[PDB]
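The data below hold one chain only, encoded as structure tokens and taken in the form deposited in one PDB entry.
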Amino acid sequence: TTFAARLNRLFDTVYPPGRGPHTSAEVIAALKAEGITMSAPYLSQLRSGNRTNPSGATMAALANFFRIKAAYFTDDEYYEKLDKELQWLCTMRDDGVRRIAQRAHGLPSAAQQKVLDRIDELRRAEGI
């Protein structure tokens, strides 16, 4: 996956409660406050793929804004490991998965093991 896709993936998956995805402007602004200068056109270009190969410092500033290791942009193994965590940040906001998953919070370790067992049974009764 490209820089643009990884960058945009952070924009789409990493953000605060009570609101939605960060905007490019919020990022330019936050960088400004740490005394870092980045142009909106440049950020835009990085997001769109009209410029590529961002410098180590540009990458470290974007990674610091989202609060993740820069290795996310440059290392494939780590990218995938962390992308799994981001994936969950999506599936968790699902309403269908909230229903089930949620009520299980509150059961003791032992009782959750029986839920896992019931699930395995429903799996076989289907595929799977």
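Residues carry their position along the shown sequence, with the first being 1.
- prompt: Do the C-alpha atoms of 87 to 95 or of 65 to 73 have the higher average B factor in the entry?
  reply: Mean CA B-factor is higher for 87 to 95.
query: Where do the C-alpha atoms have the higher mean temperature factor in this entry, in 106 to 114 or in 9 to 17?
result: Higher of the two, by average CA B-factor, is 106 to 114.
query: Of the options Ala57, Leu46, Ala29, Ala101, which has the highest CA B factor as deposited?
result: Of the candidates given, the C-alpha B-factor peaks at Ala101.
Not on display, but discussed next: the form deposited in another entry.
- prompt: So which of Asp83, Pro41, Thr23, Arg98 is at the hinge, taking the rigid parts that turn between the shown form and the other one?
  reply: Among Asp83, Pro41, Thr23, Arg98, only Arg98 lies at a hinge between the shown form and the other one.
message: With a change of at least 3 Å, which way does the C-alpha separation between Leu82 and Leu107 go in the other entry: closer or farther?
response: Distance between the C-alphas of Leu82 and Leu107: longer in the other entry, by 3 Å or more.
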